[PDB]
Amino acid sequence: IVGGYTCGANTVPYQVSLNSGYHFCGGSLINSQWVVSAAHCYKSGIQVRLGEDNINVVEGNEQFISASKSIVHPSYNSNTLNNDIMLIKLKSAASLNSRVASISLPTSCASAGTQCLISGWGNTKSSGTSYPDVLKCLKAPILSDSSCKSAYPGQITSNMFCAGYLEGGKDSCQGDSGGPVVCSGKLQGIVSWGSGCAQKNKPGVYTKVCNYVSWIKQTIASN
Ligand SMILES: Nc1cc(CNC(=O)[C@@H]2CCCN2C(=O)[C@H](N)Cc2ccccc2)ccn1
Ligand SMILES: [Ca+2]
């Protein structure tokens, strides 16, 4: 997260870190057994880390649970990032508490202008590299479809939305991939892609979760 702020420990209790020897992506806990992340975060050997603030120190509220299965969306296209969503099943159910909590799925799509919360442990620099240990947060509005398409001509599908600031300076970034965009208490977006981080006229692009609720519900009912 570039241009954001320190969230405060466990104030984003649905945020997960995906670990394969090191943090590589975020995700969102949607019930005690399932995490939503980005399809571009797929890899084998995932451990889900819940209850994290400092990802380099055991602070006492974590739960570390291996994934038993990952399900990338059947229509994910890794060239266009259309349908950039993946479900991860936990080998055992998380113990839900004030520091480890699920985030609701949306029942309607969020509106342009709505302010959302984006979070993660990704790079905090727009030029150069610095990775934080504690969770970072950014408040950002959903942008109009026309401004999103003008920023990324020929690249925005109906399964994507832009959020952020056309002036630059505030954005998600590498390492925030797969993490949540929460608006009105619902998971409306997944950190997906952008052209650099926090660059002028290049806001973040996010998977539009409301288009996937039927797939998520049917998949978790059968796996
Ligand atoms: N708001 C954001 C969020 C992010 C997080 N996402 C990434 O870092 C992803 C992971 C793979 C690379 N990438 C990019 O977004 C590439 N720039 C484009 C690209 C995409 C896919 C393959 C190659 C290139 C980055 C930037 N602004
Ligand atoms: Ca920790």
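Here chain A follows Swiss-Prot for its numbers: 24-246, in order, are the residues you see.
Determination method: X-ray crystallography, 1.2 Å.
In case you wondered, yes, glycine gets a Cβ from its N, Cα and C as well.
DSSP gives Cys30 (disulfide bond) a coil state; it is part of no helix or strand. Look at Swiss-Prot and you will find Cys30-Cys160 (among others) tagged as disulfide bond, backed by experimental evidence.
Per Swiss-Prot, disulfide bond is recorded for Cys48-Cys64 (among others), and the stated evidence type is experimental evidence. Taking all protein chains in view, 24 other C-beta atoms sit within 10 angstroms of the C-beta of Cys64 (disulfide bond).
Taking a C-beta cut-off of under 8 angstroms and a sequence separation of 6 or more, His63 (active site, charge relay system) has the following same-chain neighbours: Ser101, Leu104, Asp107, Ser200, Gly201, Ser215, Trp216. Per Swiss-Prot, the feature active site, charge relay system maps to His63 (among others).
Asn77 (Ca(2+) binding site) carries neither a helix nor a strand DSSP state and counts as coil. Here the Cβ of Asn77 (Ca(2+) binding site) has 14 other Cβ atoms within 10 Å, regardless of which shown protein chain they belong to. Positions annotated as Ca(2+) binding site by Swiss-Prot: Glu75, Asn77, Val80, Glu85.
Counting every protein chain shown, 29 other Cβ atoms lie within 10 Å of the Cβ of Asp107 (active site, charge relay system). Among the features that Swiss-Prot reports, active site, charge relay system is placed at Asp107 (among others).
In the three-state DSSP reading, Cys132 (disulfide bond) counts as coil. Among the features that Swiss-Prot reports, disulfide bond is placed at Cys132-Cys233 (among others).
Among the features that Swiss-Prot reports, disulfide bond is placed at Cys139-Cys206 (among others). Long-range Cβ contacts of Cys139 (disulfide bond) within its own chain (separation 6+, distance under 8 Å): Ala133, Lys162, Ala163, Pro164, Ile165, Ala186, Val204, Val205, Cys206, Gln211, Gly212.
Close to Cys171 (disulfide bond) in the fold, though at least 6 residues off in sequence, lie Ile179, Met183, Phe184, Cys185, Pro226, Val228, each with a CB less than 8 Å from its CB. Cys171 (disulfide bond) falls within a helical segment according to DSSP. According to Swiss-Prot, the disulfide bond annotation covers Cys171-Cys185 (among others).
The substrate binding site feature in Swiss-Prot is assigned to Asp194, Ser195, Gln197, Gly198, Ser200.
Spatially close to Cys196 (disulfide bond) yet at least six residues away along the chain are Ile24, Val25, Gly145, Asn146, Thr147, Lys148, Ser149, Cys220, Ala221, judged by Cβ distances under 8 angstroms. If you look up Swiss-Prot, you'll see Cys196-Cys220 (among others) marked as disulfide bond.
Residues or ranges marked as active site, charge relay system by Swiss-Prot: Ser200 (among others).
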_Other than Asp194, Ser195, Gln197, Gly198, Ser200 themselves, what residues in this chain have Cβ atoms within 8 Å of the centroid of the substrate site's Cβ atoms?_
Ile24, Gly143, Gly145, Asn146, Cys196, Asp199, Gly202, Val214, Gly217, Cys220, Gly227
*Additional residues surrounding Ca(2+), by Cβ distance to the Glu75, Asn77, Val80, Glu85 centre under 8 Å*: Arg72, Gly74, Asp76, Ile78, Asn79, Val81, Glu82, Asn84
*Just how many other Cβ atoms lie inside 10 Å of the Cβ on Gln197 (substrate binding site)?*
14
*Based on DSSP, name the secondary structure state of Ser195 (substrate binding site): helix, strand or coil.*
coil
*If you skip the near sequence neighbours and keep only those at least six away, which residues in the chain come within under 8 angstroms of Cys48 (disulfide bond), Cβ to Cβ?*
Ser40, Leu41, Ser60, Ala61, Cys64, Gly198, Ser200, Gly201, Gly202
*List the binding-site residues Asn77, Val80, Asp194 whose Cβ sits under 6 Å from any atom of ligand 2, in sequence order.*
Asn77, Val80
